[PDB]
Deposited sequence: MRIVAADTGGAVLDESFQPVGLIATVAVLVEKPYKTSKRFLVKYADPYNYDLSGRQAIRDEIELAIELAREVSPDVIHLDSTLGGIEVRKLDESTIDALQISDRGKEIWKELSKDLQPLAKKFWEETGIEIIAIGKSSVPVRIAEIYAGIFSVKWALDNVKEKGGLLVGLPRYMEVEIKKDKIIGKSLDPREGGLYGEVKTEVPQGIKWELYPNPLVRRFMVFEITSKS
């Protein structure tokens, strides 16, 4: 099975760990053995001017899918595997979720449903709201963490610093020519990602637990002085 998935992750935090805005939306193509992705796209938001996220996700997943022709698209909404092209107010009412959840997806339907309908009509490919059950979604999330770190390394102010809140229980490792992202949960079976980049000089970095949010890590960049 060949799967395209998307997710949004990585947040700029202030020095007191308060979220400021999200950084990266990533679409991935995942194939057997379903541990990583070698083909992916990134879209960067502006964290300092921050759901537009799920709109960027479905749009980016569709763009990648048009290139690689997967069997299915996985969307990060935990709905049971229902097709997005079939998401109307009635089918949402039949979903076992919160009333605000239903309210939220009724609003989103207006933008997502027509998009998935048109893509399906063109390809026969379904976009499914599978959410947290999906490994490709988790891999997308992992890549969003890596790309958020890459973004921070590329944009950190001279003599300045930057805190990036990573997606849940993942770590990044810095190499001279790339960033490696890995789930910290061995139960996931070894999910990981790698992205090439140039690591700049004059800065230090540190990965540590977000003291306010258990199982979430922070990647902090500080300037050398």
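Engineer: For this chain, which runs of the deposited sequence have no C-alpha coordinates, given in order from the N-terminus?
Structural biologist: Deposited residues absent from the model fall in 51-54 alone.
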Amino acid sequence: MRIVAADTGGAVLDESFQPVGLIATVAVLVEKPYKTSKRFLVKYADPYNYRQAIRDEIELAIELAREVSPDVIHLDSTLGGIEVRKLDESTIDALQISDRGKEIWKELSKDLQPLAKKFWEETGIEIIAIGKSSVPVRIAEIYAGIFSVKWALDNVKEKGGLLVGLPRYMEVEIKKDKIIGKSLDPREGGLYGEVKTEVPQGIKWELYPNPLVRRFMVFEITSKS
From here on, numbers count along this sequence of modelled residues.
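Engineer: Which of the two stretches, 113-121 or 93-101, shows the higher mean Cα temperature factor in the record?
Structural biologist: The entry gives the higher C-alpha B-factor average to 93-101.
Engineer: Looking only at CA atoms, which has the higher mean B factor in the entry: 182-190 or 61-69?
Structural biologist: In the deposited entry, the stretch with the higher C-alpha B-factor mean is 61-69.
Engineer: Between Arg138, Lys150, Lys86, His74, which one tops the list for C-alpha B-factor in the PDB entry?
Structural biologist: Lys86 has the highest C-alpha B-factor of those listed.
Engineer: Could you say which of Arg168, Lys32, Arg39, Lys157 has its CA atom at the highest B factor, as listed in the PDB entry?
Structural biologist: The record points to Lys157.
Engineer: Going by the CA temperature factor in the PDB record, which third of the chain does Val199 belong to: lowest, middle or highest?
Structural biologist: Answer is highest: the recorded C-alpha B-factor places it there.
Engineer: Taking the values exactly as deposited, rank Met1 by C-alpha B-factor within its chain and report the matching third: lowest, middle or highest.
Structural biologist: It belongs to the highest third of the chain when residues are ordered by C-alpha B-factor.
Engineer: Which third, lowest, middle or highest, does the C-alpha temperature factor of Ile146 belong to within its own chain?
Structural biologist: According to the entry, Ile146 has a C-alpha B-factor in the chain's lowest third.
Engineer: Considering every modelled residue of the chain and its Cα B-factor in the PDB entry, is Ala129 in the lowest, middle or highest third?
Structural biologist: Middle third.
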